[PDB]
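Below, in structure tokens: the form deposited in one PDB entry, a single chain.
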């Protein structure tokens, strides 16, 4: 229990000192809190917030006060009490599974993963969010990148056999051309905006494609129709019918990522938290699988020399080898084990006739009205799994974190874009604005933003995580525990974040599709892509008329 008024009066006592008005305000607010049995969890949190605010006013007003040490201890007690309020007052989570697949047709691989969740959660309504207006974004991005690859290989043909023209130099020159093609597209998009705003994204994208890359609108229309038909058959839920999201102050950010940046991961980041806030339930990336029954492989000991990641992937690969639930699932880890260990997996699985004996169900989940729970890995929290009741306090804090992060980004980036200059010029203008605008609080967040323009086009560019992804979640949890909004300087450690984490039992994260990121790539994949592009040029395109 949080200290009562008598107990704080004892802690912050200063003999023969008159009670300041600001001090009595804290004592009155504390006493009111202890008499809020009839009130909601959010009302109780907002009272604690008020008490923390009144305590900060006292400390800021009377800088040298003898009460200040005890009041700073009381501030620690308020944080502890928020955690007790969070952990002790749970309400049911709406039985909704939310997935997002935007920007193009959904692959059978995504559907096969989604179907594993449906099969062991018969009691759950499933939404696969898609955007009926933007099925051609993945096609636009692929077209433009392929064009920029060809133009780079052509322009630097003479240098391609030179090892000093490495993968890094290739991606730098390609980015110059990609930025000009993206600038050409957005200067086109916003010119066309102010002709017929009753044209959907796919309509304007078809004219860019079947103008300047000579694509067949017959086949593009077929692609849209097959995409709409397929998603409609697989629990499709259209973003364009989600009115609170369309009307809200994050929709412009969604459309920025979807249409200007072609970052479907960032767009999914913005949409998923609005789906949780507005509907409640559990969000999952399409590369996530249900938790494995915790004791399924209890009888098989992990080899000492092998990583946790190797062992978790081998368990899913064993399931898919012998039960074949997901066709064409890799066995690349499982195949590294000798016949003895392989046979132990086979004999464990040979005695199970139903998927419910392999994969666990979510069942009846509960969470705090205050919180959003987040998945985690050895590197920290990750928003590939989220649980929230409808209109949770944290869902609102996360939306506002994302909005504030985009406010700061766009304030420095958008001037540069609008000055019709090339990639490197735009980059330096942007970076100069960042270093000029940086302050003590937000400084560290700034400087994580410098590579924003490169997201999806360069190896090891992860800016999305700092804007719409995990950092926004950590900052929202800091907002909740520090009774404020707009935390930019994150000091939470894993002990703090552990209170907001989804149990490992509720998600299998170590899947085949999880190892293949759709919006980022590492140096090894970059080197291999560069070798692939030179091969397809020298042995393919160069030899053609």
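Positions refer to the first chain, counted from 1. Heads up, when I say rigid core I mean the largest set of C-alphas that superpose within 1.5 Å between the two forms.
247-255 and 438-446 differ in mean CA B-factor, and the higher of the two is recorded for 438-446. Of the two segments examined, 267-275 and 410-418, it is 410-418 that shows the higher average Cα temperature factor in the deposited entry. As recorded in the PDB entry, 206 shows the highest C-alpha B-factor of the residues 400, 72, 206, 323. Annotation for 129, 77, 423, 283: 423 ranks highest, by Cα B-factor. In this PDB entry, residue 197 carries a Cα temperature factor that places it within the highest third of its chain's modelled residues. Ranked within its chain, residue 304 lands in the highest third, by CA B factor from the PDB record. Split the chain's modelled residues into thirds by C-alpha temperature factor. Residue 507 is in the lowest one. Per-chain ranking of the deposited C-alpha B factor places residue 37 in the highest third.
Among the modelled residues of the chain, residue 189 sits in the highest third by CA temperature factor in this PDB entry.
Omitted from view is the form solved in complex with a partner chain, to which the following refers.
Across the options 100-108, 346-354, 248-256, 208-216, residues that bring heavy atoms within 4.5 Å of the partner chain in the bound PDB entry belong to 208-216.
Among heavy atoms of residue 143, some come within 4.5 Å of the partner chain in the bound PDB entry. Within 4.5 Å of any heavy atom of the partner chain in the bound PDB entry lies no heavy atom of residue 195. Among heavy atoms of residue 81, none comes within 4.5 Å of the partner chain in the bound PDB entry. Heavy atoms of residue 154 reach within 4.5 Å of the partner chain in the bound PDB entry, making it an interface residue. The contact with the partner chain in the bound PDB entry, taken as any heavy atom within 4.5 Å, belongs to 147 out of 235, 147, 221, 410. Of the residues given (301, 158, 339, 243), 158 alone sits with a heavy atom within 4.5 Å of the partner chain in the bound PDB entry.
With the rigid core aligned between the shown form and the other one, the listed residues 193, 390, 246, 73 include just one Cα displaced by at least 2 Å, namely that of 193. Core-superposed comparison between the shown form and the other one: CA of residue 167 displaced by 2 Å or more.
Once the cores line up, the CA of residue 118 ends up less than 2 angstroms apart between the shown form and the other one. Core-aligned CA deviation for residue 532 between the shown form and the other one: 2 Å or greater. Between residue 520 and residue 493, the Cα spacing is smaller in the bound PDB entry than in the shown form, differing by no less than 3 Å. Legend note: Cα of residue 520 to Cα of residue 379 is at least 3 Å closer in the bound PDB entry than in the depicted form.
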